[PDB]
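Next comes just one chain, in structure tokens: the form deposited in one PDB entry.
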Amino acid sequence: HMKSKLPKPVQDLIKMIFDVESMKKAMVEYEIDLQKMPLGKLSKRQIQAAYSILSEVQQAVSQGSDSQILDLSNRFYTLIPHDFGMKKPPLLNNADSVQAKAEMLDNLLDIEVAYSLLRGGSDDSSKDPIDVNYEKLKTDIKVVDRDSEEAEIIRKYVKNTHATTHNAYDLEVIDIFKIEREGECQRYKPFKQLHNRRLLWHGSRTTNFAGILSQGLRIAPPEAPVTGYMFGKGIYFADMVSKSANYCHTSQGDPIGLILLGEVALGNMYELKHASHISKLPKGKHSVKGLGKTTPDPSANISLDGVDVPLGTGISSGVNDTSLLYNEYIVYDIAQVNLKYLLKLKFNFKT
């Protein structure tokens, strides 16, 4: 084949995210039986059916028996075969059960997209599959020069926002990509001048990124239990790189991860200290801010192409009795996010 003219870092990026073995590895991590539910059998309608049962389970939890909880638990495992042998799976009887399975199903929606891109489309042996797969993403991906101002700013953001309670590892930036998803700037237009636009982190596991690049960040579907998420069904962001880096789920067994920087239009924030499982905002609000005990120092704010970058070192917010150590930001309209960069990071585990 024609061997591909993309920069090496972009080629390695494409390789990372279309890797089928990594998809399978995520699936066995969630304890999915690949014999009964293989990658090629994953479907949106089965995932949705499973979210519905999970909603039924949330119901029965909110209103207190181990009798009835069993039936519902079993129905969930019927739709998403798990790896338990001649079994009796564990009972899904609490809110952690519901959170953990909802998060798993969210992930499967991204994995199904990646796999379906990989298996739809056309097969031409005279083309580099790196080029073929790049094209499937409908995203322009550039290498940001190590020496530019934007790279300096981004590297300072990484450097200053690593939380002390997340110090079992530290981070090196391997590559910085400037990314532009087709149509997304257009989607963003009504928000592009809202007040309180901010450049924020979103980390995810590398097997989500084909999904994220091809479809954007998305909100969980109507079947998903709103209770499965601390601030209900929106798109979540952090201002501390280490908070988002934790969602990469890297390890000694795989210490390379990916994390996004997005322009997020926050406008009038609804400030909350504790769980609130909503699907719509009260009138007048554009986002939720989960108030952290620690914040990047407000006076160290820098502007990048007109957007605030909260890269100050962590100081006390002053906020008293909060469920959150660090800030969280949630929007409930996909159109309020314009993805700007993708970082590839090395995690150095100090354990």
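Rigid core (definition): largest C-alpha set, two forms, superposition within 1.5 Å. Residue numbers here begin at 1 and follow the sequence given.
In what follows, reference is made to the form deposited in another entry, a form of this protein that is not presented.
Looking at CA displacements between the shown form and the other one with the core superposed, a shift of 2 Å or more is confined, among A151, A95, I256, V143, to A95. Relative to the superposed rigid core, the position of the CA of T313 differs between the shown form and the other one by less than 2 Å. Relative to the superposed rigid core, the position of the CA of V288 differs between the shown form and the other one by less than 2 Å. Core-superposed comparison between the shown form and the other one: the C-alpha position of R75 differs by no less than 2 Å.
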